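Protein chains in written order, with the authors' numbering: chain A, 1 to 129, 131 to 228; chain B, 2 to 230.
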Ligand SMILES: Cc1cc2nc3c(=O)[nH]c(=O)nc-3n(C[C@H](O)[C@H](O)[C@H](O)COP(=O)(O)OP(=O)(O)OC[C@H]3O[C@@H](n4cnc5c(N)ncnc54)[C@H](O)[C@@H]3O)c2cc1C
Ligand SMILES: Cc1cc2nc3c(=O)[nH]c(=O)nc-3n(C[C@H](O)[C@H](O)[C@H](O)COP(=O)(O)OP(=O)(O)OC[C@H]3O[C@@H](n4cnc5c(N)ncnc54)[C@H](O)[C@@H]3O)c2cc1C
Ligand SMILES: NC(=O)c1cc(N2CC2)c([N+](=O)[O-])cc1[N+](=O)[O-]
Ligand SMILES: NC(=O)c1cc(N2CC2)c([N+](=O)[O-])cc1[N+](=O)[O-]
Ligand SMILES: [Zn+2]
Ligand SMILES: [Zn+2]
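Structure below.
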């Protein structure tokens with residue numbers, strides 16, 4: 001009872017296939033009785049750049065600027081920019097964080113990379129001394146990604162290599178590092194090339210999966226699993 | 002008459018990344034290379050991929066698709082001038098160096114947005130016309146990366162796994178995809194942790210390698226190189 005879900009959504013176009021996957025997730029989780037929140041990064045015009053503007057008032061060291069150190073101190077002293085702290089409050093509350101994005105250069109769009117860079121700061125998401134000691138432990142995360150390339154292109158012997166290869170920085174380097182349990186990713190291959198029956202199939206496979214995500218076991222987020 | 006582009010992503014000129022950038026400029030300049038630096042934070046480079054990147058009529062205003070609309074805008078010469086400025090720098094370069102701190106096992110978002118917006122279809126690749134037939138064929142690229150984690154942490158049985166694991170999306174998914182020959186990356190491990198002499202050692206090791214980069218062969222940018230299966 002009482003689950004909270006955050007969808008971090010990174011697509012420019014509401015009528016896009018990513019938009020449809022986002023809306024189906026909202027409708028399905030909402031129908032289940034979940035509390036749902038969406039961060040529509042493009043709609044918020046989310047700032048992706050990691051700068052000194054992220055710290056309100058005086059800097060820890062004005063002579064030489066170190067983003068990691070200065071955000072860590074600002075977090076502790078409650079003087080991070082309000083857009084960062086609004087996102088952190090959403091993450092703190094969520095039991096599950098879904099990231100919904102098109103694959104850009106085997107990775108996340110820059111706007112979503114900037115959300116990770118700015119929101120997941122030391123003191124909040126991890127400290128030194131991460132992974133299993135990571136501060137977001139107990140939370141689930143699940144990447145829902147769309148690609149331009151077909152499934153066949155993303156195999157061990159295909160041009161792009163296994164899709165698990167590009168997931169490692171996101172799943173292990175980021176999500177696991179912060180203490181998340183990672184659910185198996187949802188990959189919708191090459192929707193722009195797909196038939197309208199296929200696109201419907203992939204959208205329904207997504208909603209079908211959402212009906213039972215609370216029963217899913219996390220993946221073993223290991224080198225072995227990805228490689 | 003070699004031309005070099007450094008795409009540089011650090012907020013602070015006094016940083017370790019700034020030092021590596023400066024010795025690259027100094028050393029390449031001393032050899033007689035033509036050198037350009039794109040200092041992204043200093044340019045306040047726009048990382049977001051939006052419809053502002055296209056001037057003039059969208060091909061399909063009703064449903065906006067960034068890849069389609071930028072491809073068409075490239076061909077029509079209606080991309081925003083900050084994108085076209087960077088493309089002219091890439092077009093002219095024999096060697097592109099990326100210099101950046103590792104952020105979440107990847108590039109900082111500002112540099113990610115440079116890749117997302119500069120390397121568009123028609124310019125960097127076509128469908129078909131990618132990997133070994135990518136449009137930037139004949140050009141060299143080199144990642145010069147700094148990390149918070151030490152070398153021990155970035156081994157096969159280290160906490161982070163091998164450093165080559167995180168290089169795949171950049172080296173293969175992006176640089177090789179666009180037709181670049183990729184040189185072996187320069188990784189400067191954990192400079193904030195290092196001693197004064199070890200930081201100097203790492204700077205001098207970069208300088209020293211640059212003296213001879215024109216003699217280097219590219220790596221085999223393969224799954225086996227990155228992953229050893
Ligand atoms: C900078 C950049 C870098 C990229 N790098 C990579 C990369 O490294 N690797 C890779 O594989 N790809 C890459 N791509 C391709 C990219 O991942 C795809 O273009 C994207 O995933 C397609 O998803 P979409 O939401 O944008 O689809 P859309 O084009 O918006 O939708 C596909 C079709 O589905 C339709 N649709 C919408 N909703 C529904 C619904 N309810 N039911 C049925 N149909 C519907 C739409 O009308 C549309 O025709 C890159 C693209 C860009 C722009
Ligand atoms: C959002 C974020 C995400 C991150 N994710 C990762 C990650 O996934 N993995 C990881 O390993 N790390 C990660 N880090 C750490 C990051 O990679 C390091 O902080 C960065 O690489 C350190 O490089 P720097 O240039 O900033 O060093 P600096 O902060 O500048 O410090 C290095 C020292 O070298 C000194 N120095 C400068 N020039 C010279 C010179 N000429 N000779 C001798 N000494 C000199 C400086 O004064 C300084 O004391 C992350 C950091 C942030 C903020
Ligand atoms: N269709 C594809 O296979 C494709 C398409 C694009 N662009 C056209 C959308 C990109 N990409 O931009 O990196 C990459 C791939 N890819 O398989 O690595
Ligand atoms: N020093 C490290 O070990 C380190 C430090 C940082 N931050 C403090 C600079 C990050 N990181 O930001 O995810 C990651 C790692 N890491 O090895 O995966
Ligand atoms: Zn892991
Ligand atoms: Zn390759």
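C-beta atoms are modelled at their ideal positions from N, C-alpha and C, and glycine is treated no differently.
Under 7 Å by beta carbon: chain B residues contacting residue i
i, result
"residue 116 of chain A", "105"
"residue 174 of chain A", "105, 106 and 167"
"residue 100 of chain A", "Residues of chain B passing the Cβ test: none, with the nearest at roughly 16 Å."
heavy atom of ligand 6 below 6 Å from residue i C-beta
i, result
"residue 11 of chain A", "no"
"residue 222 of chain B", "yes"
beta-carbon residue i near ligand 3 non-hydrogen atom, thresh 6 Å
i, result
"residue 116 of chain B", "no"
"residue 23 of chain A", "no"
"residue 135 of chain B", "no"
"residue 161 of chain A", "yes"
"residue 154 of chain A", "yes"
"residue 150 of chain A", "yes"
Residue i Cβ short of 6 Å to ligand 1 heavy atom set
i, result
"residue 51 of chain B", "no"
"residue 18 of chain A", "yes"
"residue 104 of chain B", "no"
"residue 186 of chain B", "no"
"residue 14 of chain A", "no"
Any C-beta of chain B under 7 Å from that of residue i
i, result
"residue 124 of chain A", "no"
"residue 218 of chain A", "no"
"residue 200 of chain A", "no"
"residue 186 of chain A", "no"
"residue 142 of chain A", "no"
"residue 48 of chain A", "yes"
Under 8 Å from the C-beta of residue i: neighbouring residues of chain A
i, result
"residue 204 of chain B", "Residues of chain A passing the Cβ test: none, with the nearest at roughly 17 Å."
8 Å Cβ cut-off: residues of chain B touching residue i
i, result
"residue 153 of chain A", "Those do not exist, as residue 153 of chain A stays about 15 Å from chain B at its closest Cβ, beyond 8 Å."
"residue 51 of chain A", "12 and 42"
"residue 162 of chain A", "169, 173 and 224"
Near ligand 5: residue i beta-carbon under 6 Å from a heavy atom
i, result
"residue 225 of chain A", "no"
"residue 179 of chain A", "no"
"residue 34 of chain A", "no"
"residue 173 of chain A", "yes"
Chain A within 7 Å of residue i, Cβ atoms only
i, result
"residue 228 of chain B", "yes"
"residue 182 of chain B", "no"
"residue 113 of chain B", "yes"
Closer than 6 Å: residue i CB and nearest ligand 4 heavy atom
i, result
"residue 66 of chain A", "no"
"residue 128 of chain A", "yes"
Contacts of residue i in chain A (Cβ-Cβ under 7 Å)
i, result
"residue 109 of chain B", "50 and 117"
Within chain A, partners of residue i - CB distance below 9 Å
i, result
"residue 221 of chain B", "Going along chain A, no residue has its Cβ under 9 Å from residue 221 of chain B, so there is no contact; the nearest lies around 14 Å."
Any non-hydrogen atom of ligand 2 closer than 6 Å to residue i Cβ
i, result
"residue 76 of chain A", "no"
"residue 1 of chain B", "The displayed coordinates of chain B run from 2 to 230. Any statement about residue 1 of chain B would go beyond what the structure contains."
"residue 193 of chain B", "yes"
"residue 200 of chain B", "yes"
Between the segment 72-95 of chain B and chain A, which residues of the former have a C-beta closer than 8 Å to a C-beta of the latter? For chain A, none of the residues of the segment 72-95 of chain B brings a beta carbon within less than 8 Å of one of its beta carbons.
Check each residue of the segment 54-65 of chain B: if its Cβ is closer than 9 Å to any Cβ of chain A, include it; give the result in chain order. Result list: 63, 64 and 65.
Taking a Cβ distance cut-off of 9 Å, strictly less, list which residues of the segment 25-42 of chain B are near chain A, in chain order. Taking 9 Å as the upper bound on Cβ-Cβ separation, chain A lies near residues 41 and 42 of the segment 25-42 of chain B.
Taking any Cβ of chain A, which residues in the segment 10-22 of chain B have a Cβ under 8 Å from it, in chain order? Answer set for the segment 10-22 of chain B: 12, 13, 15 and 16.
Which parts of the segment 170-215 of chain A are runs of the alpha helix (DSSP H), unbroken and 4 residues or longer, counting only runs that do not cross its ends? Fully enclosed alpha helix (DSSP H) runs of 4 or longer: 197-211.
Can you give, in chain order, each stretch of the alpha helix (DSSP H) that sits fully within the segment 71-140 of chain B and has at least 4 residues? If you keep only unbroken alpha helix (DSSP H) runs of at least 4 residues inside the segment 71-140 of chain B, you get 82-93 and 110-119.
Suppose only complete runs of 3+ residues qualify. What are the beta strand (DSSP E) ranges in the segment 15-64 of chain A, listed by chain order? Assignment of beta strand (DSSP E) within the segment 15-64 of chain A, counting only whole runs of 3 or more residues, yields 35-40 in chain order.
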